[PDB]
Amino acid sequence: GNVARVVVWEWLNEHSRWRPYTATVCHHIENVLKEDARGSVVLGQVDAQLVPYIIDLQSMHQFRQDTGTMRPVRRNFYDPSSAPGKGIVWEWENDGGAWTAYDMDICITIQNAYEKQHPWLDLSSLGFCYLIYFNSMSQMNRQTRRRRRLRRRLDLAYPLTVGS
């Protein structure tokens, strides 16, 4: 009953980047974890688009049914004052019109810049040649100058638990 933190389940992708599940999915994973620490989260029950994937809480891996391949997952934690504590989410648009949430650490940084009335934010130190402009609400590649739309939604807060 001492410290409060935000649960963010993340999965490791081909670019060695920890990608976050949505808040809807993270609440579902936690609900399964509370019941049995050796359980298996059928992501298809909460998200029909994640129907091939299974989260094996024993080995802490994302399991593919049809192929058998695995990707490491993790139950990561962030400050309750950050964006996942409330459900603030920053997403960018690809060529096809689909919106994709930033990495959780970058997403929090964007929200920190925004609320401080920072005109823009530079992710070069973070390992991203990208520049985010809040006035135009757009992202720009520092090297290629290519731009993409930016948006911020109020989705669902990520699960919040207590550290003793």
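Residues carry their position along the shown sequence, with the first being 1.
When 45-53 is weighed against 104-112, 45-53 comes out higher, by mean CA B-factor as recorded in the entry. Looking at mean Cα B-factors across 70-78 and 88-96, the upper value is held by 88-96. For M60, the recorded CA temperature factor ranks within the middle third of the chain's modelled residues.
Placement of the Cα temperature factor of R17 within the chain: middle third of the modelled residues, per the deposited record. Sorting the modelled residues of the chain by their CA temperature factor places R38 in the highest third. Sort the modelled residues of the chain by CA B factor and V32 lands in the middle third.
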